[PDB]
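The form deposited in one PDB entry is given below as one chain in C-alpha cells.
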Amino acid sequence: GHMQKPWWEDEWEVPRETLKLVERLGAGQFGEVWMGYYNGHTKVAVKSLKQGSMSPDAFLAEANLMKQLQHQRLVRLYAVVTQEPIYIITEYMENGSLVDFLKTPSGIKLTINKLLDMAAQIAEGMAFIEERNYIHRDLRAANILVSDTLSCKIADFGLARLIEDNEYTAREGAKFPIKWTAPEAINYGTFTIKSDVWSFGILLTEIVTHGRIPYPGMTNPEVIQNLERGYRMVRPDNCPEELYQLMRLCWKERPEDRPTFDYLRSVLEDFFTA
C-alpha cells in the first residue's frame, strides 16, 4: 500500500471512540495508566492526564522524544486525545516496568546472562538517544518497560530533552532523584548524555540486585557526602567484578571521562556472550 488532519487537533490525534479502556494499571500525580484496546483488536497502554496536575501544552509538546524518535528500543507513541481528559496512547509492554518485573517470580529467577542482555538492550536504546542529540534525564529501572518476549524499551514521561549545545540546565527549584543523579547535575543543574551514563551505572545496580534501591542503608545526604570524598556505591551482593568495574567507569568524577552508550552496549554484549 506504498502507492496510495484538522490543524486544531494534534497531528497524532485519534477519535476517543477508537479506544476502549479495560484495566487500570496504575495511578500517579500526573494521572492514571490503563490497558485498553484500539479498534477492538490492538492492545494499547493509555495515560489519562489528571485535570489540573499540569498544563495540556507541556503534556502534549512537539519538542519531544516520543513525537520525534522511533526505535525498537524506545516505547513507541501511537496517538493522543487532546480533548479533556487528555490521553497519551502507546504500545503495550506486557511485563510493565523493569523494577516491578525483577521482583516477580520470573524476574527473581533471571540468570546473570539474561540480566546483562537486558542491560545491553537499554544501552542500545540509549546509544540511539545519544546519537539523536537527546538526553533522557530520568534513566532508572522504573522507566524501562519489559515486553512479553522479555525485551526492554525506554519510556519518556516528559523529562527527555533535545540538546543543541550538548547540555541542558535545570531550573532553580528543580528536584531530581538524588541516588541516580550525577554530581554535576545535583550541584549545578547541568544535564548531558554523560549524566545519563552516570544514571545507567546506578540502573545497572538495580538490574543485578533484582530491583533493590541503590546505596543500601544510606540516606540522600550520606550518599552526597560519600561521593564528595571519592567513595562510590559498595559492591552489590551477587555483582560480578567485571560488571562492577563497568559501573565505576559510569561513575568517573569528570563527565568527559565516562564512556559512551555505544561502548557500554558493546561491553555488555561481550559480557553476556562470554
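Rigid core here is just the name for the largest C-alpha set that superposes within 1.5 Å across the two forms. All residue numbers refer to positions in the sequence shown, first residue = 1.
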- request: Select one of none, 1 to 3, 4 to 9, or 10 or more to describe the deposited residues without coordinates separating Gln4 and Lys5.
  value: 4 to 9
query: Mean C-alpha B factor from the entry: is it higher for 23-31 or for 207-215?
result: 23-31
query: If you average the Cα B factors in the entry, which is higher, 45-53 or 228-236?
result: 45-53
- prompt: Whose C-alpha has the highest temperature factor in the PDB entry: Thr104, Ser147, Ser199, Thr82?
  reply: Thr82
- request: Please work out which residue in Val223, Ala61, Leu249, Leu243 has the highest C-alpha B-factor recorded for this crystal structure.
  value: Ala61
query: Comparing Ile108 with the other modelled residues of its chain, is its CA B-factor in the lowest, middle or highest third?
result: middle
- request: Would you please rank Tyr168 by its C-alpha temperature factor against the other modelled residues of its chain and give the third it falls in: lowest, middle or highest?
  value: highest
task: Would you mind checking where the Cα B-factor of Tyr92 ranks among the modelled residues of its chain, as the lowest, middle or highest third?
output: lowest
task: Taking the chain's C-alpha temperature factors as the reference, tell me which third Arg161 falls into: lowest, middle or highest.
output: middle
- line: Quick tally, chain-level thirds of C-alpha B-factors: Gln72 sits in the lowest
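Keep in mind that the form deposited in another entry is missing from the display, and what follows is about it.
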Flagged residue of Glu23, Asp257, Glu11, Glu17 - C-alpha shift reaching 2 Å or more between this form and the one not shown, core superposed: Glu11
- prompt: Core-aligned, is the CA shift for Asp237 between this form and the one not shown 2 angstroms or more?
  reply: no
- request: Could you check whether the CA atom of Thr42 moves 2 Å or more between this form and the one not shown, using the rigid core for the fit?
  value: no
- request: Answer yes if the CA of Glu62 moves 2 Å or more between this form and the one not shown after aligning the rigid core, and no otherwise.
  value: yes
field: Sense of CA distance change between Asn64 and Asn39 in that other deposited form, threshold 3 Å
entry: closer
- request: Would you mind telling me if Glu62 and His136 are closer or farther apart in that other deposited form than in the shown form, C-alpha to C-alpha, with a 3 Å or larger change?
  value: closer
